[PDB]
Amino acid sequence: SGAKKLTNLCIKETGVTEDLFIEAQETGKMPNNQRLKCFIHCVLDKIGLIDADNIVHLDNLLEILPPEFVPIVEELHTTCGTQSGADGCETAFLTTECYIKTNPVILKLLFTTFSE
């Protein structure tokens, strides 16, 4: 139950609440709440996708994932890269906003996954 274990830890660590996830899903617009930004950073950090300098390395998934995920990961990495904000949580949020614009199908499924 890896993804649920990860989600649990990051919920407890950031204080994100279910109302924020419901609002993102029901409105299609992630709310600009710092606890949601930091949850997203927490998830990226747990998977190893953002480093201590707040640079995103989504291309890491390419050595890891089955070939069927390569085109999707490559497109998100090349289109979005690192969308830098003032700190790690802002960078995670801005980069994920770019991911949602680039591949809404995949990001909507991931949001249901990494949700309480």
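Numbers for residues come from their place in the sequence shown, where the first is 1.
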item	value
Entry-level comparison of average CA B-factors, 55 to 63 and 35 to 43, reporting the higher stretch	55 to 63
Residue stretch of maximal mean CA temperature factor, 92 to 100 vs 5 to 13	5 to 13
Residue of maximum C-alpha B factor among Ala86, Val70, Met30, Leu76, per deposited coordinates	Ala86
Among modelled residues of the same chain, the CA temperature factor third for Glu23	lowest
